[PDB]
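Chains as they are written, first to last, in the authors' numbering: chain A, 3 to 142; chain d, 3 to 142; chain E, 7 to 142; chain h, 7 to 142; chain C, 2 to 354; chain b, 1 to 147; chain n, 1 to 147.
Let me begin by presenting the structure, written as structure tokens, before commenting on it.
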Amino acid sequence: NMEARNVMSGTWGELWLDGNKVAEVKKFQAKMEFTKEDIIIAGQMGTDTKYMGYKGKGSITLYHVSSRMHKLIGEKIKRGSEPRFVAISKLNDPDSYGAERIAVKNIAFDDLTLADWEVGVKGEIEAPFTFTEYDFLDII
Amino acid sequence: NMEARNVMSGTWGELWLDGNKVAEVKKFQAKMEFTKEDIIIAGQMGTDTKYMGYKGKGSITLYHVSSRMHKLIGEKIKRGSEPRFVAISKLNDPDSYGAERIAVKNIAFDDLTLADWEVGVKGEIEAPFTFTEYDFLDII
Amino acid sequence: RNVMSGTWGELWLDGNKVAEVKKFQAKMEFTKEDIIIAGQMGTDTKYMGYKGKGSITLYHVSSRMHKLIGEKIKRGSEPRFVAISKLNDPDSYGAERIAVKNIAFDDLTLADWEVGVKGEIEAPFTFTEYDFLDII
Amino acid sequence: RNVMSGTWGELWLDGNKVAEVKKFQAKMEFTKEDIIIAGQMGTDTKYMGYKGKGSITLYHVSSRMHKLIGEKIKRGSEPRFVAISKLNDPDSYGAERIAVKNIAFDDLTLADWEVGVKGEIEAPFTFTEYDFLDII
Amino acid sequence: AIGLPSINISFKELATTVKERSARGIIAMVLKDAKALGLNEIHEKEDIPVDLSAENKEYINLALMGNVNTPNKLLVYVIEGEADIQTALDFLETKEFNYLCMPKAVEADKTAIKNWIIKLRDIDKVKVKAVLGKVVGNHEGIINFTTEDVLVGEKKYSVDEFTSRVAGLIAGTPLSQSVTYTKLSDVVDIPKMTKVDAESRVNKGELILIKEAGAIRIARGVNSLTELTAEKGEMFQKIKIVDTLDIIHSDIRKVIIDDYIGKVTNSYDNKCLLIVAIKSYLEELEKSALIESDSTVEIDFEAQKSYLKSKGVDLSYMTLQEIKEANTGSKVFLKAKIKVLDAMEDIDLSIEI
Amino acid sequence: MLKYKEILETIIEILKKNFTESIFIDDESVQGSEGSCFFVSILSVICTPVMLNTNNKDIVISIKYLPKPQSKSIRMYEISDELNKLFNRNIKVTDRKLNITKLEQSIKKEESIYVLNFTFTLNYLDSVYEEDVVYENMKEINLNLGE
Amino acid sequence: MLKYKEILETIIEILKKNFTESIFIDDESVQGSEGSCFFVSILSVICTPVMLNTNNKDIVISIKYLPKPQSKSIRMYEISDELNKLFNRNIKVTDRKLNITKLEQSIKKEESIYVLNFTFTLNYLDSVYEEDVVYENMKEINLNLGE
Numbered sequence: 003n004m005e006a007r008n009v010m011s012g013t014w015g016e017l018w019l020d021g022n023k024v025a026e027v028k029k030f031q032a033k034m035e036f037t038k039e040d041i042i043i044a045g046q047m048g049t050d051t052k053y054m055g056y057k058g059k060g061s062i063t064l065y066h067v068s069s070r071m072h073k074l075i076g077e078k079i080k081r082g083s084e085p086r087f088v089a090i091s092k093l094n095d096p097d098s099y100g101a102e103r104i105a106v107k108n109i110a111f112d113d114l115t116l117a118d119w120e121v122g123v124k125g126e127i128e129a130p131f132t133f134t135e136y137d138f139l140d141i142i
Numbered sequence: 003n004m005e006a007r008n009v010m011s012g013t014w015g016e017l018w019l020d021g022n023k024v025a026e027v028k029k030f031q032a033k034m035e036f037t038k039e040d041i042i043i044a045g046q047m048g049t050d051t052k053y054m055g056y057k058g059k060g061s062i063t064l065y066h067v068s069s070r071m072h073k074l075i076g077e078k079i080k081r082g083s084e085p086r087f088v089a090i091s092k093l094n095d096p097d098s099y100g101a102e103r104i105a106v107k108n109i110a111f112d113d114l115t116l117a118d119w120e121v122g123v124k125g126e127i128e129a130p131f132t133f134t135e136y137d138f139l140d141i142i
Numbered sequence: 007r008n009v010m011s012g013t014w015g016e017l018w019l020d021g022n023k024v025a026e027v028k029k030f031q032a033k034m035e036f037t038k039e040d041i042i043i044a045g046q047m048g049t050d051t052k053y054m055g056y057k058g059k060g061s062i063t064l065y066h067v068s069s070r071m072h073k074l075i076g077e078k079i080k081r082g083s084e085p086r087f088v089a090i091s092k093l094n095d096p097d098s099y100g101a102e103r104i105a106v107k108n109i110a111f112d113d114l115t116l117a118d119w120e121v122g123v124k125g126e127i128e129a130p131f132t133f134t135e136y137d138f139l140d141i142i
Numbered sequence: 007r008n009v010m011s012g013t014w015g016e017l018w019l020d021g022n023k024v025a026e027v028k029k030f031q032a033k034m035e036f037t038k039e040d041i042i043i044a045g046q047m048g049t050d051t052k053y054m055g056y057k058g059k060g061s062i063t064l065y066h067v068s069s070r071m072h073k074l075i076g077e078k079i080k081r082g083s084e085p086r087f088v089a090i091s092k093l094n095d096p097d098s099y100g101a102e103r104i105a106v107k108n109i110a111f112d113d114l115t116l117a118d119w120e121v122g123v124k125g126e127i128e129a130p131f132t133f134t135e136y137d138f139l140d141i142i
Numbered sequence: 002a003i004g005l006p007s008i009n010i011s012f013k014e015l016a017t018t019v020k021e022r023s024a025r026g027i028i029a030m031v032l033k034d035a036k037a038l039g040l041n042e043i044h045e046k047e048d049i050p051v052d053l054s055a056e057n058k059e060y061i062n063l064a065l066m067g068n069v070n071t072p073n074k075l076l077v078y079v080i081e082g083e084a085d086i087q088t089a090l091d092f093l094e095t096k097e098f099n100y101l102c103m104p105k106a107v108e109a110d111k112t113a114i115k116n117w118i119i120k121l122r123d124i125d126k127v128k129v130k131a132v133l134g135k136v137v138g139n140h141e142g143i144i145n146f147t148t149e150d151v152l153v154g155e156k157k158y159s160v161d162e163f164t165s166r167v168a169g170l171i172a173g174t175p176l177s178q179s180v181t182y183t184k185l186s187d188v189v190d191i192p193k194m195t196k197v198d199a200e201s202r203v204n205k206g207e208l209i210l211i212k213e214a215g216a217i218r219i220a221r222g223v224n225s226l227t228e229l230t231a232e233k234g235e236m237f238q239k240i241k242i243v244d245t246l247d248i249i250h251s252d253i254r255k256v257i258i259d260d261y262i263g264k265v266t267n268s269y270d271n272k273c274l275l276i277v278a279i280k281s282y283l284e285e286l287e288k289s290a291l292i293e294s295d296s297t298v299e300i301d302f303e304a305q306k307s308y309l310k311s312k313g314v315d316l317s318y319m320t321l322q323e324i325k326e327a328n329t330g331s332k333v334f335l336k337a338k339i340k341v342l343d344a345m346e347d348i349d350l351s352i353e354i
Numbered sequence: 001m002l003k004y005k006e007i008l009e010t011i012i013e014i015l016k017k018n019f020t021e022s023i024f025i026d027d028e029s030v031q032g033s034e035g036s037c038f039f040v041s042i043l044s045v046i047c048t049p050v051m052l053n054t055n056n057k058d059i060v061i062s063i064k065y066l067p068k069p070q071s072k073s074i075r076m077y078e079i080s081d082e083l084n085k086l087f088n089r090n091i092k093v094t095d096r097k098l099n100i101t102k103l104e105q106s107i108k109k110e111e112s113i114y115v116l117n118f119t120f121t122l123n124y125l126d127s128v129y130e131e132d133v134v135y136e137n138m139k140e141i142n143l144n145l146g147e
Numbered sequence: 001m002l003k004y005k006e007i008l009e010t011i012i013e014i015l016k017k018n019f020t021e022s023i024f025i026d027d028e029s030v031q032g033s034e035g036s037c038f039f040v041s042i043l044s045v046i047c048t049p050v051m052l053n054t055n056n057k058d059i060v061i062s063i064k065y066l067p068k069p070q071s072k073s074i075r076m077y078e079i080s081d082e083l084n085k086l087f088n089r090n091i092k093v094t095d096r097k098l099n100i101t102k103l104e105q106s107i108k109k110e111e112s113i114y115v116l117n118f119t120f121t122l123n124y125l126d127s128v129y130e131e132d133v134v135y136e137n138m139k140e141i142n143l144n145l146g147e
């Protein structure tokens with residue numbers, strides 16, 4: 003069953019942002035942080051916790067091929083309106099058992115990078131975000 | 003579409019400060035930090051946030067060719083008056099799809115470096131700043 | 007049975023035949039990562055990509071490389087080329103051809119000479135994809 | 007067809023002809039960065055710049071390098087020069103000249119000798135821009 | 002030469018369009034009339050010759066309606082009442098076009114048109130198609146539309162007259178989409194036809210109309226080719242695939258005929274160079290998602306073998322490499338393999354309770 | 001290519017113009033001579049293929065001086081300088097210039113008398129013959145595409 | 001394999017077609033000749049095993065020209081070029097083409113006269129003989145499995 007070839011490789015992923023495929027993508031990450039409170043119960047030394055909620059966090063890093071990130075939110079942010087986007091990530095490695103696809107919804111970004119360059123260095127842009135909902139599509 | 007040559011390189015940038023082109027520029031960076039507050043809505047586990055504003059931050063690093071930074075603000079700072087400047091950054095790579103230009107306005111600097119040198123080391127000066135407004139000119 | 011001799015070698019670069027060529031070489035190097043699986047002494051590897059490398063060696067008959075890339079290198083735009091190699095020894099049964107695409111050269115040799123020595127130029131290059139014609 | 011021999015090589019340094027020169031060499035080395043694109047096994051590269059490198063080798067006929075740069079090196083100001091190399095083999099069809107500009111030398115050799123050996127001096131250098139004359 | 006310094010400001014309202022025309026799609030119509038003889042290109046409705054009769058006006062107006070985009074251009078050739086079609090066809094050989102239709106025609110003339118189209122496609126290797134009324138031709142370049150008594154408005158248009166609307170609708174369709182199940186708003190009613198008869202008729206290979214779902218729509222986008230060889234494919238019956246293949250074939254002409262004809266020696270090395278050039282061209286089309294990946298270009302072995310056998314060559318005991326190295330005088334044989342994605346036309350959904 | 005006969009003729013002509021003594025190519029005539037005769041021959045030729053169509057040639061050419069009358073060794077030492085003055089860098093043979101890589105000279109005794117032996121090597125690249133078939137230009141190109 | 005007799009015959013036939021002088025293989029005949037005769041022989045053969053079934057062969061072939069009449073050295077220099085024109089790249093022996101790695105030529109005096117010696121080397125791979133037993137195809141395969 004278990005073999006080295008079965009491990010998924012990051013080179014085979016792809017990301018859709020707002021219905022448009024993003025080709026200049028370096029990495030994509032999403033995570034959910036649960037909220038738990040310590041509760042001490044009389045007669046037991048081991049402490050136990052109660053789950054109260056979760057918080058979603060993530061980030062996207064992409065090569066600075068074009069000024070894509072500006073056109074999305076640059077003018078809307080100044081006026082006072084915040085947009086919400088939907089992202090889809092697909093990881094399809096030929097060696098592994100099929101592919102898994104996930105939709106991350108209600109995405110709101112943390113910052114906007116107007117300009118970042120240095121002599122002799124290739125340009126890159128990383129944007130962190132927070133989300134609320136998700137779906138499972140073709141999970142392995 | 004996507005290709006390695008399309009990635010912009012930092013060697014091809016240039017910067018105008020107060021209408022005068024700065025030739026001894028090493029790097030330039032601008033960013034906008036949004037302000038968001040956590041809001042818990044009854045009946046939903048996922049926490050959601052409300053956007054309230056943004057803060058602008060950046061920095062400039064340049065070779066110590068000449069005492070440019072002193073002549074701008076050195077005498078004005080002591081008297082109690084703070085000047086505001088305008089910077090324009092242009093990134094024009096022949097391989098990429100054209101060039102992008104951005105104007106950063108209402109720049110106020112964080113500190114002034116009177117002297118900084120060490121034996122056997124070339125000199126460099128970095129100055130961070132904060133801004134409020136920006137324009138888009140010839141965005142890709 | 008005979009093994010092909012390299013005397014019968016021809017090279018086409020950018021659609022022009024290179025009359026003087028001492029040797030040609032192109033190779034693909036793989037990228038692997040060590041993976042240790044619980045319960046097994048032997049260590050396995052996962053293939054994660056590859057790189058193309060090669061070089062040419064030709065006599066200094068003319069200034070080909072400069073006319074190819076010199077001005078564009080200064081301007082800031084890097085050109086890409088396609089090279090074809092053919093190896094057809096009459097003793098052997100058949101011939102072999104390979105098309106190498108998306109070539110980029112590593113360096114440029116403006117001038118190099120020494121007293122009593124005929125000039126030689128060697129230019130390494132890196133490529134991405136290849137195509138095969140007249141497979142033996 | 008003949009390949010140019012390096013015996014017919016002449017060098018001009020700072021506007022003065024260098025009578026004794028064993029060999030001359032100048033090269034441009036490119037700077038590249040590896041870029042991995044999602045969905046492709048092959049790895050591509052992006053060109054970011056270049057460096058100029060070279061060296062000379064000449065017999066120790068006179069004290070040329072000292073008279074060139076010795077006092078200015080101590081004073082703290084580094085001079086820059088221009089060198090011209092010409093290669094004209096009578097057997098070959100045409101000649102070739104190159105102008106190398108903004109030259110800076112890597113080191114200075116005050117004295118070097120050994121019993122039974124004729125003296126030789128080699129001085130590496132780095133340059134920025136070049137110009138081409140009498141292309142073949 | 003140099004004039005006085007000038008500063009001129011121009012105001013123009015470039016906003017006067019709706020249902021903008023596609024870049025692709027050229028229709029050529031040849032007509033019989035007493036006036037306006039010769040070629041009269043028609044870019045839009047405002048530039049229509051006035052001396053034409055009512056019938057020609059109706060036919061042109063029918064041909065001026067597309068599916069999503071209007072056709073790029075219309076080449077209307079007018080012939081005198083008593084004339085042969087050969088002169089018009091020879092004149093049209095000079096011009097370039099995609100589709101050709103003639104509203105008013107006879108049975109004998111359709112044979113000439115079909116023969117001309119077949120000869121042009123095969124002998125001259127120029128990829129054009131024609132839409133004909135009742136022709137039973139077995140060629141992919143022929144489209145026969147065989148439903149009668151179409152009621153557009155208050156007139157019982159003939160089948161040959163409605164071939165004009167068929168050609169306009171075909172030319173209007175974008176590359177991605179097909180012509181199956183496209184509704185015709187203008188048409189009112191069709192003569193009665195049972196479902197099984199229509200299915201058999203389209204199976205024979207025909208272009209028809211049926212009443213299904215909300216309104217009238219085209220049953221299928223098949224061609225007139227009804228038999229399949231080993232070399233020929235089942236994908237050659239679809240109109241969209243053939244249109245894309247012919248677009249590609251016409252496009253590669255600026256690579257082949259412009260430079261490699263009469264300017265380069267016919268040697269196997271030059272054949273390999275041309276093969277490399279063609280493959281490099283196909284890569285760009287693949288990257289734009291026009292065709293599918295893994296398209297191969299190589300020497301046509303069987304055709305070259307046949308040509309060699311035609312002359313005095315003993316094909317026995319010759320190596321395959323020896324066969325390929327042979328110099329075929331002044332002709333080159335090449336073969337390419339490309340794939341085109343078809344549109345959704347059939348669905349099989351299974352539901353488990 | 002370039003013929004060895006032409007090289008030998010060129011060298012013989014140069015020696016004829018610059019020296020008054022007779023020049024011979026064969027042993028019997030130098031044996032039959034009365035004294036102070038030259039001898040010219042091509043010592044060896046080495047051919048190595050460096051490219052598909054070209055070879056690399058190294059030719060060693062030998063010049064001999066045999067003074068028969070007594071007390072003519074000083075004449076040999078005089079003649080060495082005059083020979084040195086001619087073959088410095090290159091020679092021109094059939095509108096083509098060939099380099100001279102190095103010079104070698106030795107004074108050894110052969111049979112009963114001392115002789116002078118002057119040699120030098122020529123280096124040049126030369127092309128082998130081949131027969132190339134002629135093809136006519138492309139006129140018709142057939143391209144049929146399918147599945 | 002490939003026989004040395006065939007190679008010698010092929011070279012002798014080529015020389016017969018391209019030259020009018022006689023060609024001999026044994027020393028007695030060249031001694032008895034009246035003048036201007038050739039001499040063809042295989043100088044040395046080196047065999048080295050590079051694989052299990054194949055060997056590597058280097059054959060050096062020698063051609064000699066001995067002009068007996070006086071004043072035929074210029075004929076020797078003429079004949080050198082004609083010999084050079086033939087053995088450039090490869091020769092065909094029994095529908096197989098063998099490469100010519102390098103050429104060598106020297107003019108030296110043997111006994112009382114000067115002679116021309118033209119040599120070149122052939123390089124090719126060749127297979128040794130072996131006897132292979134014939135087996136019949138598998139018909140019945142018995143596999144019994146236990147502890």
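Using N, Cα and C, we set each Cβ at its ideal position, and we do this for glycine too.
Within 8 Å, strictly: CB atoms of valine 277 of chain C and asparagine 271 of chain C: no
Closer than 9 Å at the beta carbon, the chain d residues around residue 144 of chain A: Absent from the model: residue 144 of chain A. The displayed extent of chain A is 3 to 142, so no value can be given.
Status (buried if at least 16 other CB within 10 Å, exposed otherwise) for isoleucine 3 of chain C: exposed
As assigned by DSSP and simplified to three states, the class of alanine 64 of chain C: helix
Short-range partners of chain C found in the region 13-32 of chain E, where Cβ spacing is below 9 Å: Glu16, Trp18, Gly21, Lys23
Contact belief for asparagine 145 of chain C with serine 201 of chain C at Cβ below 8 Å, rounded distance in angstroms: So it is not a contact: roughly 15 Å between Cβ atoms.
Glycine 234 of chain C beta carbon less than 8 Å from that of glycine 146 of chain b: yes
Listed by chain order, chain E residues near residue 356 of chain C by CB distance under 8 Å: Because chain C in this structure spans residues 2 to 354, residue 356 of chain C falls outside the shown range and cannot be described.
Simplified DSSP state of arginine 103 of chain A, which is helix, strand or coil: strand
Neighbour flag for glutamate 84 of chain E against chain h, beta carbons, 8 Å: yes
Bridge partners - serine 127 of chain b, DSSP secondary structure assignment: b/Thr54
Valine 115 of chain n beta carbon less than 8 Å from that of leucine 66 of chain n: yes
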